[PDB]
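Asks: One structure coming up, written as structure tokens, with questions to follow.
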Amino acid sequence: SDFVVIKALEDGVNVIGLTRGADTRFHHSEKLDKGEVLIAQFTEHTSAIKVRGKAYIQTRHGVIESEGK
Amino acid sequence: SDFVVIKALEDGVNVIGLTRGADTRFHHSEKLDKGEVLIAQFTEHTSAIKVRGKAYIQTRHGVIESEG
Amino acid sequence: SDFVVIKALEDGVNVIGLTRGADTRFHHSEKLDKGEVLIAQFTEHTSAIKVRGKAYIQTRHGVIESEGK
Amino acid sequence: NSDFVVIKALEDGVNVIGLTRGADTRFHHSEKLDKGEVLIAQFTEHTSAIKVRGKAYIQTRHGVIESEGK
Amino acid sequence: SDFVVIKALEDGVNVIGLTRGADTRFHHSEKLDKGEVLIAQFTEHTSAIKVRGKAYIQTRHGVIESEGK
Amino acid sequence: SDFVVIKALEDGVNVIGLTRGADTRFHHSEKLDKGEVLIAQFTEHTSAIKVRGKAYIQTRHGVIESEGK
Amino acid sequence: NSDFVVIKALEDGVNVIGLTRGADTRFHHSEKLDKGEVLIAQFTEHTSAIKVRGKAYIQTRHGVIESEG
Amino acid sequence: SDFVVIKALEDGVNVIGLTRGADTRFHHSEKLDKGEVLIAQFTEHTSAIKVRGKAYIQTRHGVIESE
Amino acid sequence: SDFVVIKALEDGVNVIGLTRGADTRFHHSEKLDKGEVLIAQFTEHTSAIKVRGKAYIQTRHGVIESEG
Amino acid sequence: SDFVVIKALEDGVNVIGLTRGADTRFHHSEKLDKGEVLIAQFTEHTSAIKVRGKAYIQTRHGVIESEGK
Amino acid sequence: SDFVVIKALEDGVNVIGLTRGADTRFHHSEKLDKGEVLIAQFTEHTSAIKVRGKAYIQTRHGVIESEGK
Ligand SMILES: N[C@@H](Cc1c[nH]c2ccccc12)C(=O)O
Ligand SMILES: N[C@@H](Cc1c[nH]c2ccccc12)C(=O)O
Ligand SMILES: N[C@@H](Cc1c[nH]c2ccccc12)C(=O)O
Ligand SMILES: N[C@@H](Cc1c[nH]c2ccccc12)C(=O)O
Ligand SMILES: N[C@@H](Cc1c[nH]c2ccccc12)C(=O)O
Ligand SMILES: N[C@@H](Cc1c[nH]c2ccccc12)C(=O)O
Ligand SMILES: N[C@@H](Cc1c[nH]c2ccccc12)C(=O)O
Ligand SMILES: N[C@@H](Cc1c[nH]c2ccccc12)C(=O)O
Ligand SMILES: N[C@@H](Cc1c[nH]c2ccccc12)C(=O)O
Ligand SMILES: N[C@@H](Cc1c[nH]c2ccccc12)C(=O)O
Ligand SMILES: N[C@@H](Cc1c[nH]c2ccccc12)C(=O)O
Ligand SMILES: N[C@@H](Cc1c[nH]c2ccccc12)C(=O)O
């Protein structure tokens, strides 16, 4: 299954997993401090990921940067 | 399944999931504020995605921008 | 399954689903206003899509533009 | 899933015709397009060949081709 | 399955379906007039396709042109 | 399944299908006259194809040309 | 046949953390790398996201990324 | 399944099919005269192909010529 | 399944297999002397590989070098 | 499965098939004379192939040449 | 499965198969003299291959060369 790379460019970046299925809510929030890298798959439980905070993001479609709050 | 990357370029962008199946209605609207990124798949429940508001969007077919 | 990206270049664009199966009819018309984007799959229920109105469209085969009357 | 064709009508009354899959061949559906309208259509359980009549711009996995009307 | 694109470059082009199976014969002859485009798959019933008449043909292997007479 | 494109460069080109299975014999010869095009698959019944006569041939491995005597 | 990440520690004490697959998300394992060591780790039935903490050079299918201490 | 293209550059080229399985023998030899093309798959019955005689051959790996 | 190529650039390189499953520990350490090459898959038993010592490594993602 | 192309550059080249399974022995040696070409698959019975003698070899990984004793 | 090409650049090269499974031991050592080429798969019985001696090696990842003691 696909995965997303997220590198925190500041402290407190929040990588939020949203529930697969008929209902949509977050099920997990993973906090990243500056410089930490999370490599996360889509899964049986996670069908959408949201990033809040300043982060450098790689996906199969190229690079994208989130900008915090 | 494929996924779409949506970066909100203003506050209040809405990423709306349309229901898979014989009926078509909005089942969920994810609101993004300026700068937030959402990476969303097509799924058993979502067969079409609508973006309303200013956003930078990446799919397998390239980049496209919605305008509010 | 494949998908189409449609960006409305004017108000009142219609993205119309045609029914899969021995019967062919419109089962849904999604109305888009200027600047809105719709990313739509082929599915069990939809085996052809028709765009009416001015829109920028991306498929696996590249870009194409529909023009309104 | 299956391949699809993009058809952009370059004049009014373009006619996209779906031919029956199976041992017999006849049209089962005719979808008329006005100028500027786009139809994106798959091959399916019911449609194993597609004919285009009228002036249109067509994209497939093999590239671009243009039909020209009678 | 794969498919062939055939554009008739004169009237009365024949796109002919040969039967899949232990026996080989024509099961259908589609007649195309000048300018008409046919996009045709290999199928359960059709394992070979013959083009007679002047036509521009695209397959996965590139372009080829039939010539009538 | 793969397919071969064959364009007859003279009259009476023969595209011959050889039987899939423990035995190897000709099961069908398709005659092409100059300018006709045959697009033929490998199948449940056909596991090798022989061309005799002058013809332009395209496969996944590129172009080749048969020559008659 | 899953995807994998390559992690080369650029300083002592780098942590490569596996997060559990499923409805529950927690760290299940932390592999400590010292400077110069390389770990090549797959996504698995038990690991659906990987966090890197500490200075490291990382390779995925999406290209290179660096974690910062 | 993959296939090989063989164009005979002289008369009497032999394309030979070797048996798949625990045993290896020739089950079929197809004779090609000059200019004839044979496009042949690997199969349930044929797991190796031998070309004897001068021929132009194309595979997924490129061109090669027998002598 | 993917595989890694490891060429020992000094004696005593260790290519270590980590156990697939809920639990994680090293189950094997293959020792390589200078100039030897090991080509190793991921497998039912091995879901992560650690290289310790100076080595030239090739994967589907390109080259990387471990250092002593 | 994949296959290897072997062209003998001298007489008496040997293409040897090693047995798939817990045991490893030669089960078949195909002798090639100069100029002959053998296109051989990996199979249920053959999991490794050894070439002895001067030959030009093509695989999916490129060209290699074996050199006679 | 993937395979490795090994060309011995000196006499006495050893291509060693390591056992697939919870235990890891050498099950077979194929000895190659100078110029011989071995093309070997990963298999049900072999999940890791070791090359000892001077040899030119091709894999899907490119060329690598082993150097003898
Ligand atoms: N629960 C929703 C989550 C989701 C995925 N993609 C989306 C796109 C838009 C809105 C919601 C979603 C689903 O699995 O379908
Ligand atoms: N319920 C529809 C939603 C949809 C997907 N793609 C479409 C294209 C046009 C109209 C509606 C749709 C379906 O699953 O088929
Ligand atoms: N109901 C038709 C719809 C359709 C798909 N592609 C077409 C092409 C031409 C005409 C109709 C169609 C079917 O599923 O086959
Ligand atoms: N009924 C025919 C339609 C068709 C598909 N491709 C063709 C090519 C030639 C002629 C007819 C066909 C079939 O399903 O086989
Ligand atoms: N009935 C034959 C038709 C055919 C397909 N490919 C061919 C090549 C040569 C001759 C005939 C054929 C078959 O299905 O096998
Ligand atoms: N009956 C043979 C036909 C064949 C296919 N490829 C070949 C190569 C050589 C000789 C014969 C063949 C088979 O199905 O296996
Ligand atoms: N337990 C979560 C772990 C996870 C994977 N990707 C994520 C993205 C965001 C948050 C959590 C996750 C799951 O398997 O789905
Ligand atoms: N009967 C042998 C034929 C064979 C295929 N590839 C080979 C390579 C070497 C020697 C023999 C073979 C097999 O199916 O395995
Ligand atoms: N036992 C773990 C080993 C592992 C694989 N990838 C990892 C990433 C991080 C930590 C541990 C691992 C597993 O199979 O899931
Ligand atoms: N019988 C061994 C043959 C083999 C394949 N690849 C190898 C690599 C090294 C040594 C032996 C082999 C196997 O099937 O596993
Ligand atoms: N018996 C081990 C062999 C192995 C494959 N890859 C490895 C990497 C490291 C150590 C051992 C291995 C296995 O099948 O898993
Ligand atoms: N010999 C090893 C690995 C092993 C072999 N057979 C096993 C069966 C089950 C668990 C582990 C093993 C050990 O005892 O750990």
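Identifiers in the structure tokens: chain A, B, ... in order shown; residue index from 1 per chain; ligand index from 1 in order shown.
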Find the residues near residue 70 of chain D: any atom within 9 Å, counting only C-alpha atoms, skip ones fewer than 6 places away on the same chain, and give them as a PyMOL selection string.

Replies: (chain D and resi 53-55) or (chain E and resi 33-36)

Asks: Could you save the residues just selected, with N, CA, C and O atoms, as a PDB file, in the first residue's frame?

Replies:
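Output contents, as saved in result-v5.pdb:
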ATOM      1  N   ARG D  53     -18.788   8.813 -34.799  1.00  0.00           N
ATOM      2  CA  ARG D  53     -19.232   9.433 -36.035  1.00  0.00           C
ATOM      3  C   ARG D  53     -19.309  10.930 -35.820  1.00  0.00           C
ATOM      4  O   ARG D  53     -19.817  11.332 -34.766  1.00  0.00           O
ATOM      5  N   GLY D  54     -18.816  11.747 -36.699  1.00  0.00           N
ATOM      6  CA  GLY D  54     -18.819  13.199 -36.519  1.00  0.00           C
ATOM      7  C   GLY D  54     -17.390  13.651 -36.208  1.00  0.00           C
ATOM      8  O   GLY D  54     -16.494  12.802 -36.063  1.00  0.00           O
ATOM      9  N   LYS D  55     -17.204  14.951 -36.165  1.00  0.00           N
ATOM     10  CA  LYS D  55     -15.874  15.521 -35.985  1.00  0.00           C
ATOM     11  C   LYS D  55     -15.551  15.600 -34.489  1.00  0.00           C
ATOM     12  O   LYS D  55     -16.270  16.222 -33.714  1.00  0.00           O
TER      13      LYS D  55
ATOM     14  N   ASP E  33     -17.171   4.305 -42.864  1.00  0.00           N
ATOM     15  CA  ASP E  33     -17.041   5.325 -43.898  1.00  0.00           C
ATOM     16  C   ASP E  33     -15.938   6.313 -43.569  1.00  0.00           C
ATOM     17  O   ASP E  33     -15.474   6.292 -42.432  1.00  0.00           O
ATOM     18  N   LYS E  34     -15.486   7.058 -44.548  1.00  0.00           N
ATOM     19  CA  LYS E  34     -14.345   7.933 -44.414  1.00  0.00           C
ATOM     20  C   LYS E  34     -14.453   8.860 -43.205  1.00  0.00           C
ATOM     21  O   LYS E  34     -15.416   9.626 -43.059  1.00  0.00           O
ATOM     22  N   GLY E  35     -13.360   8.824 -42.417  1.00  0.00           N
ATOM     23  CA  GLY E  35     -13.343   9.725 -41.264  1.00  0.00           C
ATOM     24  C   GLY E  35     -13.797   9.055 -39.978  1.00  0.00           C
ATOM     25  O   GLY E  35     -13.530   9.646 -38.920  1.00  0.00           O
ATOM     26  N   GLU E  36     -14.602   8.011 -40.007  1.00  0.00           N
ATOM     27  CA  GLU E  36     -15.099   7.332 -38.832  1.00  0.00           C
ATOM     28  C   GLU E  36     -14.006   6.610 -38.053  1.00  0.00           C
ATOM     29  O   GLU E  36     -12.998   6.246 -38.659  1.00  0.00           O
TER      30      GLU E  36
END

Asks: If you count only C-alpha atoms and all ligand atoms, which residues end up within 10 Å of ligand 12, as a ChimeraX atom specification?

Replies: /I:27-28,45 /K:21-24

Asks: Keeping only C-alpha atoms, write those residues as a PDB file, in the first residue's frame.

Replies:
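Contents of result.pdb, freshly written:
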ATOM      1  CA  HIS I  27      17.992 -14.363  14.645  1.00  0.00           C
ATOM      2  CA  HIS I  28      21.186 -14.690  12.600  1.00  0.00           C
ATOM      3  CA  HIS I  45      11.650 -14.975   8.791  1.00  0.00           C
TER       4      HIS I  45
ATOM      5  CA  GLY K  21      13.916 -20.660   6.960  1.00  0.00           C
ATOM      6  CA  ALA K  22      14.316 -20.001  10.656  1.00  0.00           C
ATOM      7  CA  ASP K  23      17.785 -21.542  10.466  1.00  0.00           C
ATOM      8  CA  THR K  24      20.540 -20.192   8.208  1.00  0.00           C
TER       9      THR K  24
END

Asks: Within 7 Å of ligand 11, counting only C-alpha atoms and all ligand atoms, which protein or nucleic acid residues do you find, written as a VMD selection string?

Replies: (chain I and resid 15 to 17 28 to 30 40 to 46 49) or (chain K and resid 18 to 24 47 to 48)

Asks: Fit chain I to chain B: least squares, all C-alpha atoms, paired in order; write the output as a PDB file with C-alpha atoms, in the first residue's frame.

Replies:
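Writing done, so here's result_0.pdb:
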ATOM      1  CA  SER I   1      -5.779   2.533  -4.397  1.00  0.00           C
ATOM      2  CA  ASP I   2      -5.034   6.080  -5.689  1.00  0.00           C
ATOM      3  CA  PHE I   3      -4.838   9.125  -3.385  1.00  0.00           C
ATOM      4  CA  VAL I   4      -4.985  12.894  -3.771  1.00  0.00           C
ATOM      5  CA  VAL I   5      -2.806  15.457  -1.951  1.00  0.00           C
ATOM      6  CA  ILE I   6      -4.563  18.700  -0.963  1.00  0.00           C
ATOM      7  CA  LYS I   7      -2.734  21.733   0.508  1.00  0.00           C
ATOM      8  CA  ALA I   8      -5.043  24.523   1.691  1.00  0.00           C
ATOM      9  CA  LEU I   9      -3.899  27.915   0.331  1.00  0.00           C
ATOM     10  CA  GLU I  10      -6.459  29.738   2.504  1.00  0.00           C
ATOM     11  CA  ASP I  11      -8.601  29.006   5.521  1.00  0.00           C
ATOM     12  CA  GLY I  12     -11.765  26.940   5.384  1.00  0.00           C
ATOM     13  CA  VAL I  13     -11.006  24.732   2.397  1.00  0.00           C
ATOM     14  CA  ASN I  14     -13.403  21.780   2.250  1.00  0.00           C
ATOM     15  CA  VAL I  15     -12.405  18.344   1.012  1.00  0.00           C
ATOM     16  CA  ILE I  16     -15.651  16.516   0.403  1.00  0.00           C
ATOM     17  CA  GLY I  17     -16.158  12.753   0.073  1.00  0.00           C
ATOM     18  CA  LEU I  18     -18.900  11.479  -2.189  1.00  0.00           C
ATOM     19  CA  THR I  19     -20.514   8.114  -1.445  1.00  0.00           C
ATOM     20  CA  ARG I  20     -19.583   5.054  -3.426  1.00  0.00           C
ATOM     21  CA  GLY I  21     -22.597   3.156  -4.684  1.00  0.00           C
ATOM     22  CA  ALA I  22     -25.771   3.402  -6.677  1.00  0.00           C
ATOM     23  CA  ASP I  23     -26.601   6.584  -4.787  1.00  0.00           C
ATOM     24  CA  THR I  24     -24.497   9.746  -4.594  1.00  0.00           C
ATOM     25  CA  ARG I  25     -24.321  12.357  -1.814  1.00  0.00           C
ATOM     26  CA  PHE I  26     -21.614  13.957   0.326  1.00  0.00           C
ATOM     27  CA  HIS I  27     -20.877  11.825   3.394  1.00  0.00           C
ATOM     28  CA  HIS I  28     -18.110  13.905   4.975  1.00  0.00           C
ATOM     29  CA  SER I  29     -16.498  17.344   4.603  1.00  0.00           C
ATOM     30  CA  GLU I  30     -13.000  17.741   6.010  1.00  0.00           C
ATOM     31  CA  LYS I  31     -12.162  21.379   6.710  1.00  0.00           C
ATOM     32  CA  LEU I  32      -8.571  22.512   6.186  1.00  0.00           C
ATOM     33  CA  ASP I  33      -6.985  25.763   7.335  1.00  0.00           C
ATOM     34  CA  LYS I  34      -4.283  27.606   5.452  1.00  0.00           C
ATOM     35  CA  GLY I  35      -1.097  25.592   5.128  1.00  0.00           C
ATOM     36  CA  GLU I  36      -2.569  22.236   6.240  1.00  0.00           C
ATOM     37  CA  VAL I  37      -2.102  19.169   4.041  1.00  0.00           C
ATOM     38  CA  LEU I  38      -4.520  16.263   3.623  1.00  0.00           C
ATOM     39  CA  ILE I  39      -3.549  13.075   1.761  1.00  0.00           C
ATOM     40  CA  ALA I  40      -6.772  11.173   1.033  1.00  0.00           C
ATOM     41  CA  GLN I  41      -7.433   7.890  -0.694  1.00  0.00           C
ATOM     42  CA  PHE I  42     -10.308   6.640  -2.731  1.00  0.00           C
ATOM     43  CA  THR I  43     -11.906   3.945  -0.635  1.00  0.00           C
ATOM     44  CA  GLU I  44     -14.813   1.517  -0.138  1.00  0.00           C
ATOM     45  CA  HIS I  45     -16.919   4.526   0.958  1.00  0.00           C
ATOM     46  CA  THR I  46     -15.445   7.326  -1.194  1.00  0.00           C
ATOM     47  CA  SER I  47     -15.433   7.150  -4.983  1.00  0.00           C
ATOM     48  CA  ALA I  48     -15.223  10.885  -5.763  1.00  0.00           C
ATOM     49  CA  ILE I  49     -13.664  13.847  -3.977  1.00  0.00           C
ATOM     50  CA  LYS I  50     -14.662  17.495  -4.333  1.00  0.00           C
ATOM     51  CA  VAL I  51     -12.396  20.371  -3.321  1.00  0.00           C
ATOM     52  CA  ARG I  52     -13.956  23.777  -2.556  1.00  0.00           C
ATOM     53  CA  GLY I  53     -11.770  26.783  -1.766  1.00  0.00           C
ATOM     54  CA  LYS I  54      -8.233  27.752  -2.822  1.00  0.00           C
ATOM     55  CA  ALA I  55      -5.941  24.724  -2.721  1.00  0.00           C
ATOM     56  CA  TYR I  56      -2.921  23.147  -4.401  1.00  0.00           C
ATOM     57  CA  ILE I  57      -3.753  19.632  -5.481  1.00  0.00           C
ATOM     58  CA  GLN I  58      -1.563  16.719  -6.587  1.00  0.00           C
ATOM     59  CA  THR I  59      -2.715  13.533  -8.262  1.00  0.00           C
ATOM     60  CA  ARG I  60      -1.149  10.835 -10.435  1.00  0.00           C
ATOM     61  CA  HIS I  61      -2.192  13.095 -13.323  1.00  0.00           C
ATOM     62  CA  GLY I  62      -0.141  16.097 -12.120  1.00  0.00           C
ATOM     63  CA  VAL I  63      -0.989  19.313 -10.378  1.00  0.00           C
ATOM     64  CA  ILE I  64      -4.229  21.262 -10.377  1.00  0.00           C
ATOM     65  CA  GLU I  65      -5.368  24.240  -8.320  1.00  0.00           C
ATOM     66  CA  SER I  66      -8.819  24.909  -7.023  1.00  0.00           C
ATOM     67  CA  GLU I  67      -9.889  28.518  -6.609  1.00  0.00           C
ATOM     68  CA  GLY I  68     -12.143  30.304  -4.220  1.00  0.00           C
TER      69      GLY I  68
END

Asks: Ligand 6: which residues are within 12 Å, counting only C-alpha atoms and all ligand atoms, as number ranges by chain?

Replies: F: 17-27, 42-50; H: 1-6, 14-20, 25-32, 38-52; J: 38-40

Asks: I'd like the neighbourhood of residue 14 of chain G as a PyMOL selection string, where a residue qualifies if any of its atoms comes within 10 Å (using only C-alpha atoms), though same-chain residues fewer than 3 positions away should be ignored.

Replies: chain G and resi 7-11+17+30-35+37+52-56+67-69

Asks: Filtering to N, CA, C and O atoms, could you give me those residues as a CSV table (one decimal), in the first residue's frame?

Replies:
chain,number,residue,atom,x,y,z
G,7,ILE,N,17.9,3.2,6.4
G,7,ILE,CA,18.3,4.2,7.4
G,7,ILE,C,19.8,4.1,7.7
G,7,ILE,O,20.2,3.0,8.1
G,8,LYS,N,20.6,5.1,7.4
G,8,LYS,CA,22.0,5.1,7.8
G,8,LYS,C,22.2,6.1,8.9
G,8,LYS,O,21.9,7.3,8.7
G,9,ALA,N,22.6,5.7,10.1
G,9,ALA,CA,22.9,6.5,11.2
G,9,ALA,C,24.1,7.5,11.0
G,9,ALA,O,25.1,7.1,10.5
G,10,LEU,N,23.8,8.8,11.2
G,10,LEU,CA,25.0,9.7,11.0
G,10,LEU,C,25.6,10.1,12.3
G,10,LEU,O,26.5,11.0,12.3
G,11,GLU,N,25.1,9.7,13.4
G,11,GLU,CA,25.6,9.9,14.7
G,11,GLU,C,25.2,8.7,15.6
G,11,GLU,O,24.3,7.9,15.1
G,17,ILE,N,12.1,3.4,15.2
G,17,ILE,CA,10.9,3.0,15.9
G,17,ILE,C,9.8,2.4,15.0
G,17,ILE,O,9.3,3.2,14.2
G,30,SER,N,12.1,-0.4,19.3
G,30,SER,CA,13.0,0.7,18.9
G,30,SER,C,14.4,0.2,18.7
G,30,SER,O,15.0,-0.5,19.5
G,31,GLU,N,14.9,0.2,17.4
G,31,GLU,CA,16.2,-0.3,17.1
G,31,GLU,C,17.1,0.9,17.1
G,31,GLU,O,17.0,1.9,16.5
G,32,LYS,N,18.1,0.7,18.0
G,32,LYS,CA,19.2,1.7,18.2
G,32,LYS,C,20.4,1.5,17.2
G,32,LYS,O,20.9,0.4,17.1
G,33,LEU,N,20.7,2.5,16.5
G,33,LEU,CA,21.8,2.4,15.5
G,33,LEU,C,22.9,3.3,16.0
G,33,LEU,O,22.7,4.5,16.2
G,34,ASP,N,24.1,2.8,15.9
G,34,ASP,CA,25.3,3.7,16.1
G,34,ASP,C,25.9,4.2,14.8
G,34,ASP,O,25.5,3.8,13.7
G,35,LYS,N,26.7,5.2,14.9
G,35,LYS,CA,27.1,6.0,13.8
G,35,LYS,C,27.6,5.1,12.7
G,35,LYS,O,28.6,4.2,12.9
G,37,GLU,N,26.1,2.6,11.0
G,37,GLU,CA,25.3,1.4,10.9
G,37,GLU,C,24.1,1.7,9.9
G,37,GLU,O,23.6,2.8,9.9
G,52,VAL,N,11.9,7.9,12.7
G,52,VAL,CA,13.4,7.9,12.9
G,52,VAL,C,13.7,9.2,13.7
G,52,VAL,O,13.3,10.3,13.4
G,53,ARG,N,14.4,8.9,14.8
G,53,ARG,CA,14.8,10.0,15.7
G,53,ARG,C,16.3,10.1,15.8
G,53,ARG,O,16.9,9.0,16.1
G,54,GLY,N,17.0,11.2,15.5
G,54,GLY,CA,18.4,11.3,15.5
G,54,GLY,C,18.9,11.5,14.1
G,54,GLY,O,18.1,11.5,13.1
G,55,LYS,N,20.1,12.0,13.9
G,55,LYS,CA,20.7,12.3,12.6
G,55,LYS,C,20.9,11.0,11.8
G,55,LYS,O,21.8,10.2,12.0
G,56,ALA,N,20.2,11.0,10.6
G,56,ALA,CA,20.3,9.8,9.8
G,56,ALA,C,20.0,10.2,8.3
G,56,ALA,O,19.3,11.2,8.0
G,67,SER,N,16.9,12.9,8.6
G,67,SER,CA,16.4,13.2,9.9
G,67,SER,C,17.5,14.0,10.6
G,67,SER,O,18.7,13.8,10.3
G,68,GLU,N,17.1,15.0,11.4
G,68,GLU,CA,18.0,15.8,12.2
G,68,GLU,C,17.8,15.6,13.7
G,68,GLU,O,16.7,15.4,14.2
G,69,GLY,N,18.9,15.4,14.3
G,69,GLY,CA,19.0,15.5,15.8
G,69,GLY,C,18.7,16.9,16.3
G,69,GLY,O,17.7,16.9,17.1
